[PDB]
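One chain comes next, on its own, written out as structure tokens in the form deposited in one PDB entry.
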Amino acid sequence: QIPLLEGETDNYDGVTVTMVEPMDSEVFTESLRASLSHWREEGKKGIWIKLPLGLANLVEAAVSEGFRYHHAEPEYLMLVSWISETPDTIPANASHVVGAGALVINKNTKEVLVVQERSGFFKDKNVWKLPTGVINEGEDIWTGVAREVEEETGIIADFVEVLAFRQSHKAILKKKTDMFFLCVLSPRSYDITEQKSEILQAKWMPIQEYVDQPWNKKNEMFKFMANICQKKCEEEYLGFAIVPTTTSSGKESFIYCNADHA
């Protein structure tokens, strides 16, 4: 029978304890040690403790159990501890924009879905490209990429595998790096909804014709990427698939891996 601190759980398996009533520090440390063992066995991750100024007598006890400072305001101090064996990343600032490209293949015709800007710089330059877009915060690569395809073409497509990825630095004035994943998706239909948005036009294009676009032969990187696409169309390329696994809290985590092995 254990003295558990009352805490509010969040959607990310964190617990936030808001202290209110005075408490003796050694009663606090007994309760906190037992609460931490309980939370760890329930697979909690971030543990947050809000201590008002009037409860400054508890700050040392929290720090002794492994809490560090997170922030403070005149009336309270917020402490945090990472109690999961996964990486502790609390202090890190976001460094990357994450994007994905979609190889959508009609397996009957070996044609791939492509788009072309109706403006600005790339009209009317006849550049036909794989659908691409950025992954929003709280979104998976696998759902995010499918969303992009249907927002552009109306086609619903299921994520199959990641074929390749790469980092790049896009431009001066944004000190952040872009990460791009080339994904293969399987379409549920083939009928493109004409003019889904004003920005883009879409069609099916034979894989060889996608590869042979002069823009796509311009440098080694484009040719390399396009060649990975063609080899996948030829069923000669094994990428990384998703495998759902259960975390200590019961939630599902998708692992991208060589699914065959693993």
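For every residue, the number given is its place in the sequence shown, counted from 1. Rigid core (definition): largest C-alpha set, two forms, superposition within 1.5 Å. Residues that one form lacks are left out of the comparison.
We do not show the form deposited in another entry, though everything after this point is about it.
- Task: Select from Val98, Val80, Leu163, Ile192 the only position whose Cα moves 2 Å or more between this form and the one not shown when the core is aligned.
- Result: Result of the superposition: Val80 is the only one at 2 Å or more.
- Task: With both forms fitted on the core, give yes or no for whether the Cα of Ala62 moves by 2 angstroms or more between this form and the one not shown.
- Result: Shift at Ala62: 2 Å or more after core fit.
- Query: Does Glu236 count as moved between this form and the one not shown, where moved means a C-alpha shift of 2 angstroms or more after fitting the rigid core?
  - Reply: Not so; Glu236 is displaced by less than 2 Å.
- Query: Once the two forms are fit on the core, has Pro52 moved its CA by at least 2 Å between this form and the one not shown?
  - Reply: Shift of 2 Å or more: yes.
- Query: With a C-alpha distance change of 3 Å or more, do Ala100 and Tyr12 lie closer or farther in the other form?
  - Reply: It is farther: in the other form, the C-alpha atoms of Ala100 and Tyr12 lie at least 3 Å more apart than they do here.
- Message: Quick one: with a 3 Å or larger change, is the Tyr12 to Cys257 CA distance smaller or larger in the other form? Answer closer or farther.
- Response: Note: Cα gap between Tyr12 and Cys257 widens in the other form.
- Displacement runs between this form and the one not shown, C-alpha, 2 Å or more, three or more consecutive residues, core aligned: Only these runs move by 2 Å or more: 2 to 95, 170 to 173, 246 to 252.
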